[PDB]
Amino acid sequence: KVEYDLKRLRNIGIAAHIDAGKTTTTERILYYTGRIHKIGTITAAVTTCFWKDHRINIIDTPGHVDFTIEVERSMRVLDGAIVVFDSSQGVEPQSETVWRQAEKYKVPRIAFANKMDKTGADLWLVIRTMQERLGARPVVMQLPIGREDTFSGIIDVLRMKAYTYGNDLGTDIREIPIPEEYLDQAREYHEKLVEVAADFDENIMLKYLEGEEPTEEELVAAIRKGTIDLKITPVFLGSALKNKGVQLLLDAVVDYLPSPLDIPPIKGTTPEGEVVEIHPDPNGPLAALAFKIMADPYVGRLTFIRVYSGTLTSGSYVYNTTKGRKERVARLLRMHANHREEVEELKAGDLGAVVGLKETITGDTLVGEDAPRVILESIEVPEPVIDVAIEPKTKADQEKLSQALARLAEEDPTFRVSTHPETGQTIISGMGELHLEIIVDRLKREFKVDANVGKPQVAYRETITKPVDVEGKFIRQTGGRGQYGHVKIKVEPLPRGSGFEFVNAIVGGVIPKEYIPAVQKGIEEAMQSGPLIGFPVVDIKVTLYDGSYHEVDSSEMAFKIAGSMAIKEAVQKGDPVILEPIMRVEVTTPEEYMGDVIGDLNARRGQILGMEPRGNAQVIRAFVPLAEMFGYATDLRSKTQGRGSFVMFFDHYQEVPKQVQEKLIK
Amino acid sequence: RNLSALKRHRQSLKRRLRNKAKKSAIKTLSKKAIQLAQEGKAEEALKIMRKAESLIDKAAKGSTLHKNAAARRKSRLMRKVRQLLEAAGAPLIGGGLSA
Amino acid sequence: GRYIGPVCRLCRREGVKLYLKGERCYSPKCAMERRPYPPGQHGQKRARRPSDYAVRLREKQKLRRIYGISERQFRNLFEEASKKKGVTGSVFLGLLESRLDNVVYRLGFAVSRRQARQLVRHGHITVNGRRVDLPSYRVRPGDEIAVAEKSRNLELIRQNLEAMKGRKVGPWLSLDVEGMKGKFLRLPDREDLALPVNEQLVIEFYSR
RNA sequence: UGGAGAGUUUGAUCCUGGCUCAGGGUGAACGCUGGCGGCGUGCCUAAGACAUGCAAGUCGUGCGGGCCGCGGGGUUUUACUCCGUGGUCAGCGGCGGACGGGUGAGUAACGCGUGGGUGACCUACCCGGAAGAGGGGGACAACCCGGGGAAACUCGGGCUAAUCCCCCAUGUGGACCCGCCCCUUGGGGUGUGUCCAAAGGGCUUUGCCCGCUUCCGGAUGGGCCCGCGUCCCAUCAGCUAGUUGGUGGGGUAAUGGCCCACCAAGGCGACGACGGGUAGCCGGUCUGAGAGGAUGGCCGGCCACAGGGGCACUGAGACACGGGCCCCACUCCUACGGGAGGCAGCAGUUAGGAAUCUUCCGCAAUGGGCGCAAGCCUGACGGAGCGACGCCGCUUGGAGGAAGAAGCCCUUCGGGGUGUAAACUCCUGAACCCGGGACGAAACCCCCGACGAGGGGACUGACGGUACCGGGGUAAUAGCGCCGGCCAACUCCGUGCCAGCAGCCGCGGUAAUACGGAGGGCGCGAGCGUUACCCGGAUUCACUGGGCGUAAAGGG
Ligand SMILES: CC(=O)O[C@H]1C[C@@]2(C)[C@@H](C[C@@H](O)[C@H]3[C@@]4(C)CC[C@@H](O)[C@@H](C)[C@@H]4CC[C@@]32C)/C1=C(\CCC=C(C)C)C(=O)O
Ligand SMILES: Nc1nc2c(ncn2[C@@H]2O[C@H](COP(=O)(O)OP(=O)(O)O)[C@@H](O)[C@H]2O)c(=O)[nH]1
Ligand SMILES: [Mg+2]
Ligand SMILES: [Zn+2]
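Residues numbered from 1 in each chain as written, not as in the entry; some residues may be left out. Chains lettered and ligands numbered in written order. Part of a larger assembly, values for the part shown. Heavy atoms only, no water.

Regarding how it was determined, this PDB entry cites X-ray crystallography in its header, along with a resolution of 3.70 Å.

In structure tokens form, the structure reads like this:
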């Protein structure tokens, strides 16, 4: 009554670029792994199945689309992966992206040739790209009986067994030996497999060069020994729609797809501070992670978790170290492709949902209620790319939008809400155009808030061009509290990035000692509302050189207006120039789309700075205004077909083209 | 899903249906009575009323009426009857009304 | 928990020598013997005149630090003596003295009260038979406070039960150095306790 | 057996006077810390909604069967398959589901509290007393057959039993109308008339046990009625038609406009009617010297409500929380023709909120329903779990040990402080280990007796291998507030009306005991602070215990 070996656990993820088949790939995985019949919706984050004595934990949701972050989190928590590929889309421009981000964490993955039955459906067409675009060492595991329309069956190279499909309803399959012709086409390949697999077992190498065939048991040993090293990428095939290449890709799983054991142990940190391997031991300290919270109308709040060490138990007591809380795990649950399996525990390496717990939000660490109060890794970093200007209509939808991101920032911490620290308006952070757009349906529908959707502002800077000298008097002598503060300065522009430089240039001291302090609060202060549009009149040097006083009428503040009347016109008489913020950037773009990327950067008011090769691409430096920068994530990803990404850092302020100076008078 | 206490409801209906009858009986009967009594049918009234009387106490046995419910009805029947037979009649036959 | 930490420090502050250490406090060094003055950085400076409050708080602490007891218990015991029929001053002391961990100190099975407690705590003590380990336990009139048997022969017990042969024990306690017994004759009286503490002030402390 | 004041209006004074603080309390939350145990206690908000599971049943000693396992087989063989007993399934009938458990929405009211009245009534089961249990008929499920349905179930024939129903008898005796007697609101008698009883089971079978019927009495539990007491607003002053009374009916266990008919104009109100706001009331709880002031959580009593609302049925009792009907709102199934529901029961889910627990173990004990018993049900209860939420007890060590290490701080640089503190030296030994290990449980039952007294015997532990006991046993968790005055406890450095503090007065603008850190100190200690709210201080709404010439206050 063991039932749990660990070496039978398969936690895979179906990640690929849109169109593909991911979803269709899974609703199918779960039909074969369980059609039982014996004489007796992605219903939740992660789901379990049993394929010939192995438990598989799948986390299908990827999508790839602009924003990933979900594809990359599941990936962490789970073992293997299947980058499903559209066999059809041959001149496929986005077959990419996905995989180039998987080894980016370090995880093994096979590839799937999906729509083999759809026009242009060519197997090699992909390997002729799967090694051309990304550069892996795939192994044509099968060959097609009839390309595209003539899709009857398929043949295993490694095992030289022929299979056929009498239909697409998934019923009349069978294994009929190789059909007359073909046959020969095989060999050469079943040797190349028994040749590639030689780079692993030197035992399948010698018997190759002697005249003996490697036993069906060790041959796979080579293939699998190395697949799991991230060296080989077993590519198979089959119309997920017509039920072909599936039940043979399900073997493709177990046989080469890692087990929780086969994978490199988690790192975390103790209360003191130091790394440590979280050993997948069903008897080591309890320490798992929580990723996807959910609201079940039947069991309330669910918290999906992946155990790395120890075992969780039904009717126990955990403790969230992240958010210092004694959560009470009251019941466990395993999501079955068609029902709720109420198990009694989650031994390390396994995953599921714990009914109960409250504070536990995305990626929290829970340890036994006494165990080393440690906190694992998790630390992912998918920041934003596309942001918007959301102004909540009257001061009414600014409260329907306040409780709009107080439940939409816990249910998705992959965005960033921040109030523009210069002009009210709040900025909704996104991971692409699709991210913010759909938050605009629910935050506008499921929250009934109806605010605004225009675009972000620019933090300009008032200033001048020519050095001027105006008077700074005040005097108000009617009889008493006089108010006598007179001054005269030397305001002169400085380089675009100087700041504020005041000069205490008075001879004998015609303006008292006590009164020059509060005369700097008038010049510094008054610089606030510019002489053009009204912005921070910076990048200038003040030089109080003159100005007189009175024995009684003068004040610690009468001199506050005196120096505030000298700055309030020295920038108006010295020709006021409306400067603006220029951001530095870098678009990692394949030099293939580099022609139209650097161009666009010019038809975008900017000037390019360089291109120093990087990897297989090339980075472009430059400066762009911020008015002419909005929605660039869907313009750069445009001139590059997704193969384009960029950064951005502030730099300096610079005058508007005299034509963007008579525009700003709004 | 359910509780076998409906046995109490089923029974309820019955018991209800039963005394619901002897109930209405004593009523109509009680009227047919006071009716004649006032009309003049001296002895042939008493007769009915003497019957009414039975039925009353009769139902008092079960859970229909009880205690004074019976007694009260009586004291009124043979009170309005006797107080209608003096509308010139002399209690002829030996009714319930005592000498 | 029973304070713990620098005591021949309190010995100071209060300025009225304390036997919180027992043996040592007698040698030319109860601390207060060498540096007779409030601890801290300042300590040896012209002390400002005590407020009407300071005085009473100070006298309370004094009395409380003697019996080394938490402010909570001290207060309860106080509040108890108050509602009790009899001159509250004496009565308060009455119970304070009944503390087992104290009757142990008095009967001499211990050098300090700090010690007497640890003894009582570790069941080295007994009451008319069964052993008690609650310092707070309150002795009645006519009880035998002996040392348990497993204890009888333990270095400490002897030495302490040794300096006894000769010395006398309070008029409300009869001790038998041999049988290591001891009766709580009558309830201690006012003078019997030559404490450098004025109760009338402590009383007035809890009057505010 | 009981009463403490202080800070703040002035240049200074006295008075009036407001603000503010020290105390105690809390179903508590928040912050920083957090070791053990015992006993308490834990949705104060949405009386918002709720997935799942369980919270009320039980008698074969009331009756007839269906199904299953035994006897002996009815007959000559299986036949018309009968019988006696032990499992079961539902149906009849019998009690119990009206108690127990939850909640405070409503309610200012005979709701509650208290003291009384019932010549105006009721009370299943339980005690004691009296007399009875005589004949007869009779249906409906169950069951068989047939029909409608998706389902829930439902309809139609035909059987059949009983403590189910019905008629006749006997009526100790009771119920009625009338008369007389005593009495005095309908209370007792008494005569004529009239009307009503009832059931059978088990055994050891002319004698018991459990039942039945009528009547009287007791006990317990109630209904209704009444005097008194029961918050804020007159910037709510007038209210009222079944309204107030009467007569006669109906109605009820019973009084009464509780209802209806018809008469009469009356009933209520500054002793605050009517209206509006708020609230469940009490025993008690907190505070207080007291008088008084708040309050009504847990425990006990009463009430009121079970999604909102109306209504009856059965019954001793309900207008019924896990009963019924209907309206409405919500949840679910649907073959869309119609169906099933009600956590303010236990546990849990979600929403709200600053905030309040396990979908736990046991019927061993107490208590309740049924039963002759055996026994069955029992989220009531007895326990365990989680939370310093509270209170009580306990540990983080004890005795030694320098004219006194180091580090750190202060310094007139002589030195002072931290301080016996550490170190170091012995000694006891929380934790933790092997071993032993309950009280709560002695009845129901069984045997003697007489199934009476009394005597003897047996089965019964969830907590729990827990508490506790003996042996073995390692020096083994401290924070938090404060340090200008009230108010215990000060120095240095940063800082420069900044940053910040702040309960009040106020502190901060280059030497700050007031900000920030440090050393040191004070208080208290598994706690310490903050925030709400109540009493106190506040004789500051003054009955105890104040005032009005100018302080607020005399009415033309
Ligand atoms: C079910 C699944 O696995 O992914 C689904 C579910 C999905 C990942 C969704 C994309 C995106 O909303 C995702 C976000 C982060 C969107 C922002 C928030 O609302 C999150 C709470 C939400 C979590 C999952 C969700 C809602 C999916 C899509 C959407 C595709 C849309 C288009 C127009 C092609 C997908 O997978 O293609
Ligand atoms: N012809 C064909 N179409 C397929 C196959 N598998 C998937 N598809 C189609 O691919 C489209 C997108 O499938 P889906 O898995 O939802 O895309 P994903 O969300 O990017 O994984 C749908 O139209 C599917 O029917 C296949 O094997 N053959
Ligand atoms: Mg998809
Ligand atoms: Zn000393």
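What follows continues from the structure just given.
A. Layout of the site of ligand 1. Residues and elements named next belong to chain A. Near ligand 1 you find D60, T61, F67, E411, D412 and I438, and these make up its full shell. Between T61 and ligand 1, the recorded distance is 3.0 Å, taken from a side-chain N or O atom to an oxygen atom. Here ligand 1, which alone exposes 700 Å², has 52% of that area covered by the protein. Its residues assigned to classes, the shell around ligand 1 comprises two nonpolar, one polar and three charged. Split by domain, the residues of the shell around ligand 1 number at least three in each of domain 1 (1-263) and domain 3 (410-460). (Near = heavy atom within 4 Å. Polar contact = N/O pair within 3.5 Å; in protein donor to acceptor, adjacent residues only side chain to side chain. Areas by Shrake-Rupley, 256 points an atom, 1.4 Å probe, with all protein chains shown as cover. Nonpolar A, V, L, I, M, F, W, Y, C, P; charged D, E, K, R; others polar. Domains from an automatic or database assignment.)

B. Region of the structure containing the sheet that holds strand β6 (residues 142-145) of chain A. Residue and element names in this part refer to chain A. Here three strands make up an open sheet; going across it, the order is β6-β7-β8 and the pairing antiparallel. If you trace the sheet from one side to the other, it starts and ends with β6 and β8 (162-164), each paired once. Recorded for the sheet is a direction-independent mean angle of 25 degrees between the axes of neighbouring strands. Sheet topology places strand β7 (residues 153-156) next to β8; three bridges connect them, and they run antiparallel. Paired with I155 across the strands is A162, a residue of β8. (Pairing = 2+ DSSP bridges. Helix = DSSP H or I, 4+ residues; strand = E, 2+ residues; numbered from the N terminus. Axes fitted to C-alpha atoms, helices over the stretch in contact; angles between N-to-C directions.)

C. Summary view of the UniProt feature "binding site: Zn(2+)" in chain C. Residues and elements named next belong to chain C. Mapped onto this structure's residue numbering, the UniProt feature "binding site: Zn(2+)" falls at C8, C11, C25 and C30. Look at the named residues: they lie 23 residues apart in sequence, but the longest C-alpha span between them is just 8.9 Å, so in the fold they bunch up. Tracing the backbone through its elements, the reader meets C8 in the segment before α1 (52-66). Contact partners of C8, with chain neighbours within four places excluded, come to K21, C25, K29, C30 and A31. Mapped onto the elements, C25 comes out in the segment before α1. We classify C25 as buried; its relative accessible area is 0%. In contact with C25, other than residues within four places in its own chain, are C8, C11, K17, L18, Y19, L20 and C30. (UniProt positions renumbered as here; feature names shortened; annotations may be inferred. Contact = heavy atoms within 4.5 Å. Buried < 20%, exposed > 50% of the residue type's maximum accessible area, 1.4 Å probe, protein only.)

D. Structural context of the pattern of salt bridges. In this structure the tally under the stated criterion is 57 salt bridges over all chains. Between A:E580 and A:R605 there is a salt bridge, with the nearest N and O atoms lying 2.5 Å from each other. Linking A:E580 in the loop between α10 (558-562) and β29 (581-588) with A:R605 in the loop between α11 (594-600) and β30 (607-614), this pair joins segments that are 25 residues apart in sequence. The exposure class assigned to A:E580 is buried, which follows from its relative accessible area of 3%. B:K74 is the partner of B:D57 in a salt bridge, and the nearest nitrogen-oxygen pair spans 3.5 Å. Within this pair, whereas B:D57 is found in helix α2 (residues 42-61), its partner B:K74 is found in helix α3 (residues 67-80), the two being separated by 17 residues in sequence. If you follow the salt bridges from partner to partner, you end up with A:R55, A:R334, A:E341 and A:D350 in one network. (Salt bridge = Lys/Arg side-chain N within 4 Å of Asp/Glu carboxyl O.)

E. Fine view of the coordination of the zinc ion (ligand 4). Residues and elements named next belong to chain C. Those protein atoms acting as donors to the zinc ion (ligand 4) are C8 (SG), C11 (SG), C25 (SG), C30 (O) and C30 (SG), and they sit at 2.0 to 2.6 Å. For the zinc ion (ligand 4), the donor residues sit on a single chain with the sequence spacing C-x2-C-x13-C-x4-C. Remark: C30 occurs in the segment before α1 and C11 occurs in the segment before α1; sequence separation between them is 19 residues. You'll find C11 and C30 in the same group, each marked buried. (Donors = N, O, S within 2.8 Å, 3.2 Å for Na, K, Ca; no water.)

F. Representation of the domain arrangement of chain A. Residues and elements named next belong to chain A. Under the domain assignment, chain A is made up of domain 1 (1-263), domain 2 (280-377), domain 3 (410-460), domain 4 (461-579) and domain 5 (580-666). When each unit is reduced to the centre of its C-alpha atoms, the spacing between domain 3 and domain 5 is 23 Å. In this assembly, nine residues from domain 3 lie in contact with nine residues from domain 5. At the boundary of domain 3 with domain 5, total buried surface from both sides reaches about 730 Å², with 70% on carbon and sulfur atoms. Three residues stand out in domain 3 for area buried against domain 5, namely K455, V458 and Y460, and they jointly supply 60% of the buried area on that side. Counting every contact that joins domain 3 to domain 5 gives zero salt bridges. Scanning the region where domain 3 abuts domain 5 turns up one residue pair in polar contact. Of the residues contributing to the side of domain 3 that touches domain 5, the split by class is five nonpolar, two polar and two charged. (Buried area = accessible area lost by both parts, 1.4 Å probe.)

G. Quick look at the protein's contact with RNA strand D. Taken together, 106 residues sit near RNA strand D, with B:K14, C:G1, C:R9, C:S112 and C:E204 positioned nearest. Protein-adjacent atoms of RNA strand D, using a 4 Å cutoff, are sugar or phosphate at a proportion of 76%. B:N19 is positioned such that a nitrogen or oxygen atom in its side chain is 3.4 Å from a phosphate oxygen of RNA strand D. Measuring from a sugar or linking oxygen of RNA strand D, one finds a side-chain N or O atom of C:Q44 at 3.2 Å. A per-element tally of the surface near RNA strand D places helix α1 (residues 6-39) of chain B first, with twelve residues. A class-by-class count of the residues in the surface near RNA strand D yields 23 nonpolar, 32 polar and 51 charged.

H. Fine view of the site of ligand 2. Residues and elements named next belong to chain A. Near ligand 2 lie 14 residues; those nearest to it are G21, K22, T24, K118 and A240. Between ligand 2 and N114 there is a distance of 3.0 Å, counted from an oxygen atom to a side-chain nitrogen or oxygen. Interatomic distance of 3.1 Å between a side-chain N/O atom of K115 and an oxygen atom of ligand 2. Across the complex, the protein chains shield 73% of the 580 Å² of accessible surface that ligand 2 would expose by itself. Taken together, the residues that form the shell around ligand 2 break down as four nonpolar, five polar and five charged.

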